[PDB]
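Asks: Chains as they are written, first to last, in the authors' numbering: chain A, 814 to 1023; chain B, 604 to 1023.
Note that the Cβ used here is the ideal one computed from N, Cα and C, for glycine as well.
Before I ask anything, let me first share the structure, which is written out below as structure tokens.
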Ligand SMILES: O[C@@H]1[C@H](O)[C@@H](O)OC[C@@H]1O
Ligand SMILES: O[C@@H]1[C@H](O)[C@@H](O)OC[C@@H]1O
Ligand code: NA
Ligand code: NA
Ligand code: NA
């Protein structure tokens, strides 16, 4: 039920500190009475203009290891360029990133999507400490992809030529992402060390304007 | 270099050897246990299999089946349908091979093999009932104090550490709660087979030269806030040697109305410093209790690269059994994969490794022989989010495998301290 799990709110509170507002949330993801994932977050917005997102995730040990652990949203802004400090410049995944180099990369938005004829998750970059897109900047230690196509459209469309740019830009920011495998393509092939099996996961992100 | 002491008392290593050298191998598929014999000649004619299902140490079902396995052969053991657990938590399956009859070499009831698996886990989605009391913050020049009835928390604003805790009038700590990144070096960390030959490549020497052992905490941030139902202490420290920052510890302490102190720790390790022996906290407790009770890996001493023999369960031992008397003293007595620890009035919860004893890491590394060790006042506790492997492929060069070195650069753990 990973694809049809629904977020059930467990907690949502606000607090006022000396220099910041602090939002605390908790969600459970559930399918047919079973809790798959729990996400606990803090959003700390301070006087500088920065939002610090702290995420801790629990994953039931008896559910198949999830493909990713991160956040996504659809930004209204469409910009020409994507600028990042992390692995690149090309698409790289945790078990296919040895060729990528850590540096400051800057590509047109289109180069951030890989036109696989049969569409799937694509264009991820790993080891990213900073991502700039229009007026937005994200900082932390994460993996991301950014494009005009939702994960939903990608999995529903059988051929690349049938895809249509959605309004604005879909961003996927992952603390953690599963390997892609490939030793063969007809049996599970992602090695154990690249499966998200640690049960508890922590990542932090800082969102701001430049 | 023995698996047993001179008087033939086992070192902790012995049990790891027993487990890896088992003659029965096990696989689980759904509810079926597959038993494979590694015997070449004998049938399993003095063996029965005990199984036991438990939820966080609480037994929920058990049974026996005799083993009837030809040499090199297999046996399938279908478990009965198991009663579903009411409460949250992780179910664990344990199996043991027991020899019912005495032999020339063993006594009746001798356990020759064991294995564990996680079964179903039910994550907790229930919010604990909103506590009645609210903690109060007292801001002085020297301290951030926190009160909740009889209980008190004191955070020294100059050190940035929790210097003292009170229950009524009784003091709880003899030494403040501080980050620790070093361990009393093991024989494998020292890495010599000859007395005069120094190896600058050995873990202990790389650590010493980097200043790990004499790095001092420098306060970068100590702040307090009042929340709707809690007090939040936020600290940030930097450990430095000869102008070089080795680690940075960012923490939040959260004390709520129920009297629980939640510690969230985020550590930065400079990539060009030798990987640290441990990422944890320590303190000297005032108390001296007879028993140590924990939910985690045990019962014996176990380390990240020597923990396969340990079983996750509820263990209760006399405190002295939580110290391993290695003739040449070092870091010892660690237990891994621990979710709950109970000592006197204290309970710590999270997902951590710990050791507990009357001996500080400082004394252990300064004393050459076990007979020269002296029990100190109170109990030293080391609680680690992460601990480096012990190695041993040999004892005269670095032997700790890469997957067991603390090289991630950024580390996160969380502890909850309370009274039960
Ligand atoms: O080769 C090892 C070492 O070099 C020597 O000094 O101690 C004995 C061991 O075999
Ligand atoms: O504790 C270690 C050992 O006991 C000593 O002989 O060499 C370096 C280090 O101090
Ligand atoms: Na598709
Ligand atoms: Na038998
Ligand atoms: Na010593």
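(1) Counting only the same chain and skipping the five closest in sequence on each side, list residues whose C-beta sits under 7 Å from that of residue 980 of chain B.
(2) Please list the terminal residues of the continuous beta strand (DSSP E) segment that includes residue 952 of chain B.
(3) Whose CA, out of B:649, B:986 and B:805, lies closest to the CA of residue 710 of chain B?
(4) Report the partner residues of residue 833 of chain A according to the DSSP bridge assignment.
(5) Measuring CB atoms only, is the segment 640-647 of chain B touching the segment 671-682 of chain B, in the sense that at least three cross pairs come out at less than 8 Å?
(6) Mind listing, in chain order, the residues whose beta carbon lies closer than 7 Å to a non-hydrogen atom of ligand 4?
(7) Please name the residue or residues paired with residue 750 of chain B in a DSSP beta bridge.
(8) Between the segment 863-870 of chain B and the segment 1015-1022 of chain B, can you find at least three pairs of beta-carbon atoms closer than 8 Å?
(9) For the segment 981-1015 of chain A, enumerate the residues whose C-beta is nearer than 9 Å to any C-beta of chain B, in chain order.
(10) Got a sec: does ligand 2 put a non-hydrogen atom nearer than 7 Å to the Cβ of residue 807 of chain B?
(11) Quick check: the segment 913-927 of chain B against the segment 880-890 of chain B, are at least 3 beta-carbon pairs closer than 8 Å?
(12) Residue 990 of chain B lies in the alpha helix (DSSP H); which residues open and close that run?
(13) Less than 8 Å between C-beta atoms, sequence neighbours within five positions excluded: which residues of the same chain meet that for residue 1047 of chain B?
(14) For residue 809 of chain B, which option in B:630, B:820, B:775 and B:849 has the closest C-alpha, if you only look at C-alpha atoms?
(15) Residues with a Cβ closer than 6 Å to any heavy atom of ligand 1, in chain order?
(16) Against chain B, which members of the segment 841-875 of chain A pass a CB distance test of less than 7 Å?
(17) Below 8 Å between beta carbons: does that hold for residue 881 of chain B and residue 786 of chain B?
(18) Hey, which unbroken runs of the beta strand (DSSP E) at 3 residues or more fall wholly within the segment 868-947 of chain B?
(19) Quick one: grab the DSSP three-state call for residue 645 of chain B.
(20) Suppose the cutoff is 8 Å on Cβ atoms and the five residues either side in sequence are ignored; what does the same chain contact list for residue 999 of chain A look like?
(21) Please look up how many angstroms separate the CB atoms of residue 867 of chain A and residue 836 of chain A, rounded, as I've assumed it's under 8 Å.
(22) Any chance you could list the beta strand (DSSP E) runs of at least 3 consecutive residues sitting entirely within the segment 607-667 of chain B, in chain order?
(23) When you compare the segment 742-750 of chain B with the segment 717-733 of chain B, are there three or more beta-carbon pairs, one atom per stretch, that lie closer than 8 Å?
(24) According to a CB-to-CB cut-off of less than 8 Å, which residues of the segment 719-745 of chain B neighbour chain A?
Replies: A quick look at the data gives this:
(1) Result list for residue 980 of chain B: 777, in chain order.
(2) 949-960
(3) Measuring from the Cα of residue 710 of chain B, the nearest candidate turns out to be B:649.
(4) A:859
(5) yes
(6) B:647, B:648, B:649, B:650, B:651, B:669, B:670 and B:671
(7) B:739 and B:755
(8) yes
(9) 1006, 1012, 1013 and 1015
(10) yes
(11) no
(12) Careful: residue 990 of chain B lies outside any alpha helix (DSSP H), inside the beta strand (DSSP E) at 982-990.
(13) No information on residue 1047 of chain B is available, as it lies outside the stretch 604 to 1023 that chain B covers here.
(14) B:849
(15) Summarising the contact set, residues whose Cβ lies nearer than 6 Å to any heavy atom of ligand 1 are, in chain order, B:796, B:797 and B:999.
(16) 841, 848, 851, 871, 873, 874 and 875
(17) Closer than 8 Å, so yes.
(18) 881-888, 894-901, 914-921 and 938-946
(19) In the structure shown, residue 645 of chain B sits in coil (DSSP, three-state: anything other than H, G, I, E or B).
(20) If you ignore the 5 residues before and after residue 999 of chain A, its C-beta comes within less than 8 Å of no other C-beta in its own chain.
(21) Incorrect: roughly 11 Å between the Cβ atoms, too far for contact.
(22) Runs found: 627-632, 635-640 and 651-658.
(23) no
(24) 721, 722, 723, 724, 725, 726, 728 and 730
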